>>> print(open('my_file-v7.pdb').read())   # PDB, N, CA and C atoms
ATOM      1  N   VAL N   1      -2.792   5.875 -20.316
ATOM      2  CA  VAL N   1      -2.610   6.696 -19.126
ATOM      3  C   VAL N   1      -1.689   5.985 -18.143
ATOM      4  N   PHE N   2      -0.560   6.618 -17.834
ATOM      5  CA  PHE N   2       0.434   6.071 -16.911
ATOM      6  C   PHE N   2       0.681   7.095 -15.811
ATOM      7  N   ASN N   3       0.019   6.916 -14.674
ATOM      8  CA  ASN N   3       0.269   7.760 -13.520
ATOM      9  C   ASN N   3       1.375   7.152 -12.661
ATOM     10  N   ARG N   4       1.920   7.972 -11.768
ATOM     11  CA  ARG N   4       3.054   7.549 -10.949
ATOM     12  C   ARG N   4       2.757   6.334 -10.074
ATOM     13  N   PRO N   5       1.651   6.272  -9.316
ATOM     14  CA  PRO N   5       1.381   5.042  -8.546
ATOM     15  C   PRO N   5       1.293   3.793  -9.407
ATOM     16  N   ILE N   6       0.655   3.889 -10.574
ATOM     17  CA  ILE N   6       0.517   2.724 -11.443
ATOM     18  C   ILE N   6       1.879   2.273 -11.952
ATOM     19  N   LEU N   7       2.711   3.222 -12.382
ATOM     20  CA  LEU N   7       4.029   2.859 -12.888
ATOM     21  C   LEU N   7       4.884   2.240 -11.792
ATOM     22  N   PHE N   8       4.830   2.799 -10.580
ATOM     23  CA  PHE N   8       5.575   2.206  -9.473
ATOM     24  C   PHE N   8       5.078   0.806  -9.148
ATOM     25  N   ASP N   9       3.761   0.593  -9.165
ATOM     26  CA  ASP N   9       3.233  -0.744  -8.907
ATOM     27  C   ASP N   9       3.715  -1.733  -9.962
ATOM     28  N   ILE N  10       3.670  -1.332 -11.234
ATOM     29  CA  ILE N  10       4.108  -2.216 -12.311
ATOM     30  C   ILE N  10       5.589  -2.543 -12.164
ATOM     31  N   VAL N  11       6.411  -1.525 -11.898
ATOM     32  CA  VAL N  11       7.852  -1.743 -11.842
ATOM     33  C   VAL N  11       8.239  -2.532 -10.595
ATOM     34  N   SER N  12       7.489  -2.380  -9.499
ATOM     35  CA  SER N  12       7.774  -3.151  -8.295
ATOM     36  C   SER N  12       7.325  -4.597  -8.440
ATOM     37  N   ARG N  13       6.247  -4.840  -9.184
ATOM     38  CA  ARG N  13       5.790  -6.191  -9.467
ATOM     39  C   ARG N  13       6.600  -6.861 -10.570
ATOM     40  N   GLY N  14       7.427  -6.101 -11.285
ATOM     41  CA  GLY N  14       8.234  -6.670 -12.345
ATOM     42  C   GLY N  14       7.469  -7.059 -13.586
ATOM     43  N   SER N  15       6.279  -6.500 -13.790
ATOM     44  CA  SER N  15       5.455  -6.822 -14.955
ATOM     45  C   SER N  15       5.979  -6.036 -16.149
ATOM     46  N   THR N  16       6.909  -6.646 -16.888
ATOM     47  CA  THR N  16       7.464  -5.985 -18.063
ATOM     48  C   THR N  16       6.438  -5.866 -19.183
ATOM     49  N   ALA N  17       5.384  -6.684 -19.148
ATOM     50  CA  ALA N  17       4.386  -6.652 -20.212
ATOM     51  C   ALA N  17       3.575  -5.364 -20.188
ATOM     52  N   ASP N  18       3.317  -4.819 -19.004
ATOM     53  CA  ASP N  18       2.452  -3.657 -18.847
ATOM     54  C   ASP N  18       3.105  -2.357 -19.298
ATOM     55  N   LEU N  19       4.313  -2.413 -19.858
ATOM     56  CA  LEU N  19       5.053  -1.217 -20.234
ATOM     57  C   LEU N  19       5.067  -0.984 -21.741
ATOM     58  N   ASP N  20       4.296  -1.767 -22.500
ATOM     59  CA  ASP N  20       4.265  -1.591 -23.948
ATOM     60  C   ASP N  20       3.680  -0.238 -24.331
ATOM     61  N   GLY N  21       2.621   0.189 -23.640
ATOM     62  CA  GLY N  21       1.975   1.442 -23.991
ATOM     63  C   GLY N  21       2.670   2.663 -23.425
ATOM     64  N   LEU N  22       3.718   2.459 -22.625
ATOM     65  CA  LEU N  22       4.437   3.590 -22.049
ATOM     66  C   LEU N  22       5.137   4.406 -23.130
ATOM     67  N   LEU N  23       5.691   3.728 -24.136
ATOM     68  CA  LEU N  23       6.404   4.437 -25.199
ATOM     69  C   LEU N  23       5.503   5.385 -25.981
ATOM     70  N   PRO N  24       4.327   4.975 -26.480
ATOM     71  CA  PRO N  24       3.462   5.960 -27.153
ATOM     72  C   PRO N  24       3.034   7.094 -26.241
ATOM     73  N   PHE N  25       2.803   6.809 -24.959
ATOM     74  CA  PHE N  25       2.410   7.861 -24.027
ATOM     75  C   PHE N  25       3.521   8.895 -23.894
ATOM     76  N   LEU N  26       4.760   8.432 -23.721
ATOM     77  CA  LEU N  26       5.876   9.353 -23.543
ATOM     78  C   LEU N  26       6.158  10.132 -24.822
ATOM     79  N   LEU N  27       6.078   9.463 -25.975
ATOM     80  CA  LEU N  27       6.389  10.134 -27.232
ATOM     81  C   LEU N  27       5.313  11.146 -27.611
ATOM     82  N   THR N  28       4.039  10.779 -27.458
ATOM     83  CA  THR N  28       2.959  11.651 -27.911
ATOM     84  C   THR N  28       2.767  12.840 -26.976
ATOM     85  N   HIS N  29       2.856  12.613 -25.667
ATOM     86  CA  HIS N  29       2.590  13.649 -24.677
ATOM     87  C   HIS N  29       3.821  14.484 -24.351
ATOM     88  N   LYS N  30       4.950  14.216 -25.006
ATOM     89  CA  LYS N  30       6.196  14.949 -24.783
ATOM     90  C   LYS N  30       6.610  14.891 -23.314
ATOM     91  N   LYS N  31       6.427  13.719 -22.713
ATOM     92  CA  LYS N  31       6.799  13.482 -21.328
ATOM     93  C   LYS N  31       8.012  12.567 -21.280
ATOM     94  N   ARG N  32       8.846  12.775 -20.266
ATOM     95  CA  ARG N  32      10.104  12.063 -20.119
ATOM     96  C   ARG N  32      10.119  11.310 -18.796
ATOM     97  N   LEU N  33      10.857  10.200 -18.770
ATOM     98  CA  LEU N  33      10.911   9.362 -17.579
ATOM     99  C   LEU N  33      11.588  10.056 -16.404
ATOM    100  N   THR N  34      12.319  11.140 -16.648
ATOM    101  CA  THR N  34      12.966  11.907 -15.594
ATOM    102  C   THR N  34      12.137  13.101 -15.139
ATOM    103  N   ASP N  35      10.886  13.203 -15.580
ATOM    104  CA  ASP N  35      10.046  14.329 -15.206
ATOM    105  C   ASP N  35       9.652  14.248 -13.736
ATOM    106  N   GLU N  36       9.283  15.401 -13.174
ATOM    107  CA  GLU N  36       8.865  15.455 -11.777
ATOM    108  C   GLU N  36       7.625  14.613 -11.513
ATOM    109  N   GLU N  37       6.753  14.453 -12.513
ATOM    110  CA  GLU N  37       5.537  13.667 -12.322
ATOM    111  C   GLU N  37       5.847  12.203 -12.042
ATOM    112  N   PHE N  38       7.039  11.742 -12.411
ATOM    113  CA  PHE N  38       7.438  10.355 -12.224
ATOM    114  C   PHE N  38       8.390  10.171 -11.048
ATOM    115  N   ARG N  39       8.549  11.190 -10.209
ATOM    116  CA  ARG N  39       9.443  11.147  -9.061
ATOM    117  C   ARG N  39       8.637  11.227  -7.774
ATOM    118  N   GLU N  40       9.071  10.487  -6.761
ATOM    119  CA  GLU N  40       8.440  10.583  -5.457
ATOM    120  C   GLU N  40       8.708  11.962  -4.860
ATOM    121  N   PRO N  41       7.674  12.698  -4.448
ATOM    122  CA  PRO N  41       7.918  14.041  -3.894
ATOM    123  C   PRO N  41       8.755  14.027  -2.627
ATOM    124  N   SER N  42       8.704  12.941  -1.856
ATOM    125  CA  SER N  42       9.412  12.899  -0.582
ATOM    126  C   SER N  42      10.923  12.872  -0.786
ATOM    127  N   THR N  43      11.404  11.987  -1.661
ATOM    128  CA  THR N  43      12.833  11.764  -1.824
ATOM    129  C   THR N  43      13.360  12.090  -3.212
ATOM    130  N   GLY N  44      12.515  12.071  -4.237
ATOM    131  CA  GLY N  44      13.021  12.148  -5.591
ATOM    132  C   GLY N  44      13.452  10.820  -6.164
ATOM    133  N   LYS N  45      13.202   9.727  -5.449
ATOM    134  CA  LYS N  45      13.537   8.399  -5.940
ATOM    135  C   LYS N  45      12.860   8.141  -7.278
ATOM    136  N   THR N  46      13.618   7.593  -8.223
ATOM    137  CA  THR N  46      13.147   7.397  -9.583
ATOM    138  C   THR N  46      12.751   5.923  -9.750
ATOM    139  N   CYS N  47      12.295   5.544 -10.946
ATOM    140  CA  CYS N  47      11.794   4.190 -11.164
ATOM    141  C   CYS N  47      12.895   3.145 -11.015
ATOM    142  N   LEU N  48      14.118   3.467 -11.453
ATOM    143  CA  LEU N  48      15.194   2.478 -11.391
ATOM    144  C   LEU N  48      15.538   2.073  -9.961
ATOM    145  N   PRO N  49      15.669   2.991  -8.993
ATOM    146  CA  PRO N  49      15.794   2.541  -7.597
ATOM    147  C   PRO N  49      14.614   1.715  -7.118
ATOM    148  N   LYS N  50      13.389   2.048  -7.538
ATOM    149  CA  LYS N  50      12.236   1.224  -7.185
ATOM    150  C   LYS N  50      12.410  -0.203  -7.676
ATOM    151  N   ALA N  51      12.859  -0.362  -8.919
ATOM    152  CA  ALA N  51      13.006  -1.696  -9.482
ATOM    153  C   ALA N  51      14.154  -2.451  -8.829
ATOM    154  N   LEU N  52      15.272  -1.770  -8.573
ATOM    155  CA  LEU N  52      16.420  -2.448  -7.977
ATOM    156  C   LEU N  52      16.154  -2.854  -6.533
ATOM    157  N   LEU N  53      15.517  -1.983  -5.749
ATOM    158  CA  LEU N  53      15.191  -2.330  -4.370
ATOM    159  C   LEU N  53      14.233  -3.513  -4.311
ATOM    160  N   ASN N  54      13.219  -3.522  -5.176
ATOM    161  CA  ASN N  54      12.235  -4.603  -5.211
ATOM    162  C   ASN N  54      12.708  -5.682  -6.186
ATOM    163  N   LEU N  55      13.705  -6.436  -5.735
ATOM    164  CA  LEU N  55      14.334  -7.463  -6.551
ATOM    165  C   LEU N  55      13.718  -8.823  -6.252
TER
END
>>> encode(input="my_file-v7.pdb", output="structure tokens")
Amino acid sequence: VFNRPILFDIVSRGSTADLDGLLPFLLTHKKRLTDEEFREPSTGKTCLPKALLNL
């Protein structure tokens, strides 16, 4: 289970280890990293801006 707050926390902390199970979740559930569930409702900021800002 990868919800948006958890994914943002992981990507902001830079924990690359916690992303191993993301691939089976995305493949099995037919979910994509560009889906609305993975975007901030306020701005639409995606995970990559989160990671780049939190350097």
>>> closest_residue(input="my_file-v7.pdb", among="N:52, N:38, N:43, N:9", to="residue 26 in chain N", atoms="only C-alpha atoms")
N:38
>>> residues_near_point(input="my_file-v7.pdb", point="(3.4, 8.8, -11.5)", cutoff="10 Å", atoms="only C-alpha atoms", output="count of residues only")
17
>>> atom_distance(input="my_file-v7.pdb", atom1="CA of residue 53 in chain N", atom2="atom N of residue 29 in chain N")
28.8 Å
>>> resolve_selection(input="my_file-v7.pdb", expression="the PyMOL selection byres ((chain N and resi 51) around 8)", output="short mmCIF file (atom, residue, chain, number, x, y, z; two decimals) with N, CA and C atoms, in the coordinates of the input")
data_model
loop_
_atom_site.label_atom_id
_atom_site.label_comp_id
_atom_site.auth_asym_id
_atom_site.auth_seq_id
_atom_site.Cartn_x
_atom_site.Cartn_y
_atom_site.Cartn_z
N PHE N 8 4.83 2.80 -10.58
CA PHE N 8 5.58 2.21 -9.47
C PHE N 8 5.08 0.81 -9.15
N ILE N 10 3.67 -1.33 -11.23
CA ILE N 10 4.11 -2.22 -12.31
C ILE N 10 5.59 -2.54 -12.16
N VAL N 11 6.41 -1.52 -11.90
CA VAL N 11 7.85 -1.74 -11.84
C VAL N 11 8.24 -2.53 -10.60
N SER N 12 7.49 -2.38 -9.50
CA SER N 12 7.77 -3.15 -8.30
C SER N 12 7.32 -4.60 -8.44
N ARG N 13 6.25 -4.84 -9.18
CA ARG N 13 5.79 -6.19 -9.47
C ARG N 13 6.60 -6.86 -10.57
N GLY N 14 7.43 -6.10 -11.28
CA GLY N 14 8.23 -6.67 -12.34
C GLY N 14 7.47 -7.06 -13.59
N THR N 46 13.62 7.59 -8.22
CA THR N 46 13.15 7.40 -9.58
C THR N 46 12.75 5.92 -9.75
N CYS N 47 12.30 5.54 -10.95
CA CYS N 47 11.79 4.19 -11.16
C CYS N 47 12.90 3.14 -11.02
N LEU N 48 14.12 3.47 -11.45
CA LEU N 48 15.19 2.48 -11.39
C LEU N 48 15.54 2.07 -9.96
N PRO N 49 15.67 2.99 -8.99
CA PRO N 49 15.79 2.54 -7.60
C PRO N 49 14.61 1.72 -7.12
N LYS N 50 13.39 2.05 -7.54
CA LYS N 50 12.24 1.22 -7.18
C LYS N 50 12.41 -0.20 -7.68
N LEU N 52 15.27 -1.77 -8.57
CA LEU N 52 16.42 -2.45 -7.98
C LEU N 52 16.15 -2.85 -6.53
N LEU N 53 15.52 -1.98 -5.75
CA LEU N 53 15.19 -2.33 -4.37
C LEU N 53 14.23 -3.51 -4.31
N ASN N 54 13.22 -3.52 -5.18
CA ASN N 54 12.24 -4.60 -5.21
C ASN N 54 12.71 -5.68 -6.19
N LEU N 55 13.70 -6.44 -5.74
CA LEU N 55 14.33 -7.46 -6.55
C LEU N 55 13.72 -8.82 -6.25
#
>>> atom_distance(input="my_file-v7.pdb", atom1="CA of residue 23 in chain N", atom2="CA of residue 41 in chain N")
23.4 Å
